[PDB]
Amino acid sequence: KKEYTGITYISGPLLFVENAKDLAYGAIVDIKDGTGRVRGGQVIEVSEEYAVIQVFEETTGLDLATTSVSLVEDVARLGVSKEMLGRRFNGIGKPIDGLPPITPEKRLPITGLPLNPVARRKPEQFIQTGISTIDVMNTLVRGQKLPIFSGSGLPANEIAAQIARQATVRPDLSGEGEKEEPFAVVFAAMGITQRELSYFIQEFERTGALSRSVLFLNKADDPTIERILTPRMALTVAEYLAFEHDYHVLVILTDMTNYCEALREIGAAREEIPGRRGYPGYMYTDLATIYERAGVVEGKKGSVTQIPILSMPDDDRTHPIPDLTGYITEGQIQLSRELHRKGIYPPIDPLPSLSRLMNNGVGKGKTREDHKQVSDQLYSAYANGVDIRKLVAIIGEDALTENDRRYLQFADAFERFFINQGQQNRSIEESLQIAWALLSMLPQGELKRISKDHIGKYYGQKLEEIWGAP
Amino acid sequence: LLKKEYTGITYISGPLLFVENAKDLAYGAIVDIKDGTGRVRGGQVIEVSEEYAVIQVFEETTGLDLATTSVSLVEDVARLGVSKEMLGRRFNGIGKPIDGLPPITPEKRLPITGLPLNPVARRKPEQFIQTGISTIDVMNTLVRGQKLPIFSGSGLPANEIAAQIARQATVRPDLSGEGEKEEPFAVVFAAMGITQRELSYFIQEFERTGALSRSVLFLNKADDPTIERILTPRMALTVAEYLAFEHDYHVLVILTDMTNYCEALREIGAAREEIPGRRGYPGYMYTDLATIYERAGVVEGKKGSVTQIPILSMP
Amino acid sequence: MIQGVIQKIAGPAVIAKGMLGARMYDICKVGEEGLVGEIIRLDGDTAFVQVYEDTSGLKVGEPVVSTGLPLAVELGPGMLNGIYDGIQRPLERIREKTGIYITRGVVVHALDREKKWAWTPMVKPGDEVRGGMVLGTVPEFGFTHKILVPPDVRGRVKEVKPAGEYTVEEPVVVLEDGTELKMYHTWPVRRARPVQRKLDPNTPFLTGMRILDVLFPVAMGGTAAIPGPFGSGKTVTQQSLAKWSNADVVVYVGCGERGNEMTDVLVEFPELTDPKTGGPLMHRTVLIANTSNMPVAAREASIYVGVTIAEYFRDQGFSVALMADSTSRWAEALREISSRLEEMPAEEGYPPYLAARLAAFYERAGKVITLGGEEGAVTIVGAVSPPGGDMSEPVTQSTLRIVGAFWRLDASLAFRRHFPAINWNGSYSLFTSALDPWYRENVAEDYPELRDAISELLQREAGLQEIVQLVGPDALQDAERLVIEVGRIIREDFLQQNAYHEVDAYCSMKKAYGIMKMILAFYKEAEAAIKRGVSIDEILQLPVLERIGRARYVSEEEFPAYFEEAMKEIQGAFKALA
Amino acid sequence: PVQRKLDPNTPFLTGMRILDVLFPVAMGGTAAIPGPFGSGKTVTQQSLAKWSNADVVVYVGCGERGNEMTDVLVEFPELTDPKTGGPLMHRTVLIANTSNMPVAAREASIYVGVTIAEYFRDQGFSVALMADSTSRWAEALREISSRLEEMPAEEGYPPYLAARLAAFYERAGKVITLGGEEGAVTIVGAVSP
Amino acid sequence: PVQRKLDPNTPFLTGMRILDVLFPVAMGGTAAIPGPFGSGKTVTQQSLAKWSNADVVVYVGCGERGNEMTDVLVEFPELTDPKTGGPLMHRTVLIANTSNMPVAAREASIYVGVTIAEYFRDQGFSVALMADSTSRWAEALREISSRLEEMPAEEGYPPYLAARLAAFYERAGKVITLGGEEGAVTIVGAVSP
Amino acid sequence: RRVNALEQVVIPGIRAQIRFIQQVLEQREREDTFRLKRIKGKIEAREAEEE
Ligand SMILES: Nc1ncnc2c1ncn2[C@@H]1O[C@H](COP(=O)(O)OP(=O)(O)OP(=O)(O)O)[C@@H](O)[C@H]1O
Ligand SMILES: Nc1ncnc2c1ncn2[C@@H]1O[C@H](COP(=O)(O)OP(=O)(O)OP(=O)(O)O)[C@@H](O)[C@H]1O
Ligand SMILES: Nc1ncnc2c1ncn2[C@@H]1O[C@H](COP(=O)(O)OP(=O)(O)O)[C@@H](O)[C@H]1O
Ligand SMILES: [Mg+2]
Ligand SMILES: [Mg+2]
Ligand SMILES: [Mg+2]
């Protein structure tokens, strides 16, 4: 209701307003110009002399004679409800699908509180993503943080959409049927363009995956403070759904490099000295406040799982953004440019990929008895095959021993069948079947990492069952 | 003599504090800072003007405040009371005994920064020192009045080589002439940033060989204040110069871990926002290092000498 | 008391006014919610406060109250079997009142103010008490907790409370000048606790891991570092040290590791067992737990709280082992704090005083004579995680300069499932020589020579890898093939240790001495047979290979017969040879 | 303003084998060609202006040589339009702001070019827009920010440079016009690191 | 001042084979000898002082050790000059400013030495001038500019360092003096990177 | 011969070049930080000319 009209300075994104000591730090304001158009802003400095407001959007029509500022909310909040499944929002909570706005049950601050370290429990259940190179060798456990590392031209958006469309939980394996629990996907896309926006909307709506999803979409021409606020609302909704309705939610943050760049620009706008390589000194803490909101909590049935996606700047893992992500998260999944250029999709390279909670989520009564040893054997056999392939170009294929040719043929068949799956939605049984059929090319007794009981139970199948099924 | 105290503290921020009405403080003077609890710290005036004076504190500024703190002048020039009776004693790098014995009686008080030697007043170092090490005595021989550091590593045994040099050093007058009559050979040992294991090893070596009666030890520990590391070699070289050029002693000075001195210098320089040098080290580091090494040598018309063997580990 | 009002808010930085009299580095309470922070700069009538938690919602004009004291920890009964964060707040009691989230501005106490204790005095009126002496004892688990007069208090006793049940807040001893002494006292974490005199390292710090206490030992009161990669044993070895070492109290510090990894230690540790009595392991340990999303000030101050608690328990007369996890994370917190103060970086962006802080942490360890006249020691083992796996990192370089031992783990041996994964070529220890008189006065007279012989056998094999990696082992001469086989036997039977096994996890000095004696007897008799002239396959045929392999799994009671039986058996078996 | 943004489904034919076969760009797409001096950005963009299948070409010489503008002014009237058969200069609009012209008029030149390209899109044409260097725009921004005495970003550029670049490149695309027709704008930008 | 500057056409004989055969220097030229520590700068300049054919030698020890000046002061009265006979010290002027001496006097010593060398040139002699290190002069300039709170250019050096260096070296050359005679000054400066 | 030549010559030179380049870049970063500090100081000092 009250409006302050003591504007004394306008330059770039900042404006100063005098006699405004009633505005709390971090508040949200409305800025009305002479023509009546209303913009938005955020208070970044409060003093006895004046308050400093960082303005969303541009400051074209503003002038000192007629501009006014009024308060909206002391602390930024978001109204949440279970009606939000199936809706789309713009990154500050405004719907963009043309439907009426939701009526909230509660309004929660977007900067959530940390979890008590004694309240957590160990993650011990897996998620079937439908991709063989992830389910078998780099398994995703409920409560993990597993980033995907990609590059400039690699198809990270396609893999993100495929995982969001195909992901599910498998309660029949865990408890012989157990009881069916709800599943939801929270999708946050930050700094995307129009082509990717159309692609995401079409992919989510063409197959009915929208009925269990919430989308927070932020375009590249949107204000940068919306980009800062975008993942926090997604995590607020995810935590609300998981710890107040016992949902199993999966959160996908589509590009963290855009978040880091927006953080750098916002920090430089507030006149702060940067840290290493021009990025802010508080970057580790700011990224930790986002990643560490996942996990599973003792006494609750729900869980939150995160899959951040980031693009390495020049295929450099010593860049600060991929370097600090390795200190907080549990492993990574790496895309390969060679596999992508050879025509293989999804181009996941198994050698540098790793999951650090795999052993707690597989095994007896969780996936199957033979999971771990099969994954180890596949890793070792592929590692041998690639070096043999490099040696063949010098010494020739006739100078090889008998088993080396078998390893080379295994490497070719592995890349052709296990990794390159296209748009198939393979269950874990199908992935293990293909993996066991691939290991049967190698002679029995060369499989050192697998015990003889599993070999007797599962060895000997032929790969023609998928050779004739592309 | 009377004492004067200044109570107009207007600003404390990190290692610096500002005193406004102190127009009678000389540049470079040493002050005593007293807080409400009665604890007394030390400081040095680094910039004085009409509006205020800037003082940097020798240790942390915890417990200081603008209502109770007072600043008192001690002396306009940093000085050390030196005597011939300090042979056999131990000190903490700021000039206070740590052996439990009573403090010495000063014959004189000398400025610790020293004065440059006149190049006309020097003379050529010529007397050959035989250490008994073939790779030194034959190819890289050591002469009285020389400065010859040892370039060590992280795990290499520099301390043992220093001890072996300090145990086996003789001048061998029979070969070169001038005739017998061996002169006293004092040893001044300055350790900076040293750890307890190295300190115990050095003390046990000195006490086993029996060289402690003719030795002065200045020991600075790793948990001491940073500023005390800066002043540690200056008092050692002041004592060495006094003994050598006023009592005809032949002094051998051993400076341990000059890398710690350079790191402390970088800390103090970065505290006062200077333009950094090659790897963050201050751009005046050459002058500061030269004011230490250039205090050795021999003087025409005098029988004493100062020999320096610094030790540093290349990173 | 000094009170003021907020003048300006800008991020975490708050400028208060009317605070004339506030001291530097005091702890304040900002706003009505009572968020805490430090004073970092005084300027006339103002003061610069840096709040630990988020400042959103604060308004200009809210009160600021200074407590007048720096960061301190409460030291007294009730710290064992407790889990704390970086600034000594109990997490269990926070969970009981606020739920699964840590809300800002919660108020708890480090020690429980409602539990009764049994007080047994050891002084009487008329006595003169100086700091560090014993006023009484209190039973806590299997220990007796000595109540100590604070180090800066002296006077004459006026009245002593009789035996009974009292809380920690009741004044048990009142002096003649009016001073009231309670069961606890506060001490600043940044100031070291005084002692009488520092002793020398002459007794070993047993770890239970054979390679660590034989090849690269560390003494009681020493310091060690362990730069391991992922999956290398950097966590299994630390819990093995917690279980099988000869320290009475263990302090474990997590300097800001991941939450999903902090849950592992917070869950597994309550289920362990104390090998001395069979009770819970947590009855003798103190845990400091931090995660990455907690405030940076607590993460930076985490290790000082642990070292101060370790110093307090040393002052009581015990032997304390302090393990710090990932000092690299602490260095990251230090770098962030320095960046917020606008300081000029050095090397890799770290502040120029990193080495000073690291030395000021590591040099608080040692064996001392306490102010009460007893003996105590503190041993620090600090893990290091280099960023790119390179050992030229500033943190590792500053750590290498002050420690007396260095256990370099490597993942190459973890790939091949060799545990522990210690690279014996790069590791070193500086306590090897000075512990030898203890070894020869306690274990056996020939122990240093036998250890040097085993080390020389391991060194000899290292030079033959340039020929094994050119031609296969089957083309090597029998003299060199013997040392290759003995090197494999040493590397796979003596350096290897199962910490999950019933008897292999713990190994005394005499058992290792016997195993080394058997291995050296095997090698010497095989070489003597070679001089007579034999094929290598008949030496490998001998049944004593399994009796020299199964010496790990024998119990300590059956060892003194098994060792002599094996020695006589191998002597007879090499008598029955050409 | 437009009515609806459409998906790209028709290639932008450039006449160059490697850029048309291996690395295609669509009709409403965007592209960037960075390289050091003497590597061939100007020749590539002029070949695009000569041989592409766009109806109208708008060429923006932000902070470049004047001899290249003279070359375009001289050579183009005698060439033949690929699809309409007339002179090539009858389908081209030139905006020239050379290196020695005043500094502050580079950003204005970029905006004027993109506004004219959006005007020709609303009439149902397909427009190609060439910006000869977007690095000179950033240099001009840095020069003005030096006088404004602002706090600089990574390399002295103002902190809002990325927002301006994103706002410029987001004006391309295939749309449905307010009059119900269909047009497109495709932007090719050159970078001089 | 001078009347005219001439072209150098006679050698400056240093007495060293490699410097006189492979890389000669003329009688009015300038040379620089850079190198790391302990590589042979001081020995080369002292050999030039002892054995060269110059009439008068001016040695400027700006910011160096005090023992080297003592060695020159002691050894030189006993030697003899190659030109005339008599002691070698009778043709030498020494300017000494050691490393522990005040830093601001490093700048003045170079100018004093070059002015003295120019004065002896005006009498018709041939003068050789040696600067023991010109890096210490740059360090002194850096320290003074740091006190002045100026903005540095590279490695903390003030932006006008190259102008001072060029003005120092430009005083060398073979001239026709105002009195009608002919003189020369050759400068050999050592750099300590 | 080829293996020994690579291991004893080619790798150490590349490693030394990498070390040198990293140190140069770090020095430039430090200088730019110092410039930014001076600029912020001037901005702060300008805002209090006449109060
Ligand atoms: N496709 C090509 N076919 C033939 N010659 C070419 C081609 N591309 C470049 N060149 C030659 O290389 C030169 C490169 O000059 P050009 O003007 O293309 O450089 P530029 O990268 O735009 O440089 P600037 O940074 O100076 O603007 C041309 O003048 C021409 O001689
Ligand atoms: N021409 C030479 N003939 C013989 N020995 C020489 C010669 N030049 C140098 N040396 C030897 O090498 C040493 C190098 O010392 P010198 O004083 O020449 O070094 P510098 O380049 O002046 O070093 P600084 O940077 O310390 O001033 C001499 O002390 C001498 O032992
Ligand atoms: N001495 C050992 N005995 C048995 N297993 C070990 C040993 N050392 C390491 N491991 C194995 O290595 C794995 C990794 O644990 P560890 O390396 O201690 O923690 P982190 O991987 O977090 O560094 C453990 O699962 C453990 O089974
Ligand atoms: Mg671990
Ligand atoms: Mg061009
Ligand atoms: Mg020299």
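We count from 1, first residue shown onward.
When the header is checked for method, it gives electron microscopy, 2.9 Å.
Note that Cβ sites are derived from N, Cα and C of the backbone, with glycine treated the same way.
Feature annotation from Swiss-Prot assigns ATP binding site to E:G35, E:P36, E:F37, E:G38, E:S39, E:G40, E:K41, E:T42; the stated evidence is sequence analysis.
Cβ neighbours of E:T42 (ATP binding site) (same chain, under 8 Å, six or more residues apart in sequence): E:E64, E:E68, E:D132, E:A190. Proximity to chain C, defined as a CB-CB distance below 8 A, holds for none of the binding-site residues E:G35, E:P36, E:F37, E:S39, E:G40, E:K41.
The binding-site residues near ligand 6, defined by a Cβ under 6 Å from one of its atoms, are E:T42, chosen from E:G35, E:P36, E:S39, E:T42.
Here E:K41 (ATP binding site) comes close to E:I33, E:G35, E:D132, E:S133, E:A190, E:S192: these same-chain residues lie at least six apart in sequence, with C-beta atoms under 8 angstroms from its C-beta. According to DSSP, E:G40 (ATP binding site) sits in a coil region rather than a helix or strand. For E:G40 (ATP binding site), the Cβ neighbour count at a 10 Å cut-off comes to 10, with all displayed protein chains included.
Its own atom aside, the Cβ of E:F37 (ATP binding site) has 6 Cβ atoms within 10 angstroms in the protein chains shown.
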